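Encoded as structure tokens, the following chain is the form deposited in one PDB entry, with no partner shown.
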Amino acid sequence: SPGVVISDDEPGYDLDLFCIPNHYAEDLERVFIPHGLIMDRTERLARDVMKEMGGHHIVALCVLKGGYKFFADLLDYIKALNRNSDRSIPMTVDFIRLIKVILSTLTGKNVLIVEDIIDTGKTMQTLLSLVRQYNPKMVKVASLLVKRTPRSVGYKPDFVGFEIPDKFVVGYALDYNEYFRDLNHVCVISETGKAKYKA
């Protein structure tokens, strides 16, 4: 499944239909993905991940790109799930940066690469090649968002939260020059916000 698909013909929810920090009132266009919807989808991703990767010890390799919300939410749901397991399930949580990756002894384990927004295919291919050099049991990729960029064909993640158009989105785990971290929803930024918070 390509996840929740949001077509190019979808502008997003009018801002007055949701609760948005007052200080961002003119800095956004529409709410594209309400926070609660992100949670609901992520809860399902957690289930899909455990079903396909519960076979061996899982190592969650979270690619740090500025945010932490998606990693925390996905992992929180995963843990809540393993909480009901009849047997104690060990799990490893690592955070890396990207290219060059920053003692990876993930040998004989199921590696789950986690990203907020999937990057180019060449970057993803390179990361997959690097990880496979450690002889993991398996390697899967989960991304909250996948953008349909007009450029080359992007990577196809194993677990996808939402497939969205090529829009400049902020919020949840997508800051803009360190602004919008307090915005819980994924929203489209306005020209006003773009200028106001430009580096």
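Between two forms, the rigid core is defined as the largest C-alpha subset superposing within 1.5 Å. The first residue of the shown sequence is 1; numbering continues from there.
The same protein also has a form deposited with a small molecule bound, omitted here; what follows describes it.
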* Asked: Hey, in the deposited complex, is residue 168 touching the small molecule, heavy atoms inside 4.5 Å?
  -> yes
* Using the partner position in the deposited complex, report whether residue 119 sits within 4.5 Å of the small molecule, counting heavy atoms only. => yes
* **Distance check, residue 92 to the small molecule in the deposited complex, heavy atom within 4.5 Å** => no
* Determine whether any heavy atom of residue 104 comes within 4.5 Å of a heavy atom of the small molecule in the deposited complex, and answer yes or no. => no
* To do: With the small molecule left out here, work out from 33-41, 47-55, 160-168, 128-136 which stretch has heavy atoms within 4.5 Å of it in the deposited complex.
  => 160-168
* Among 61, 174, 28, 142, which has any heavy atom within 4.5 Å of the small molecule in the deposited complex? -> 174
* Structure fact -> Only one of 75, 124, 117, 113 shifts its Cα by 2 Å or more between the shown form and the other one once the rigid core is superposed, namely 124
* If the CA atoms of residue 119 and residue 111 move by 3 Å or more in the deposited complex, do they move toward each other or away, so closer or farther than here? -> farther
* **Sense of CA distance change between residue 61 and residue 119 in the deposited complex, threshold 3 Å** => farther
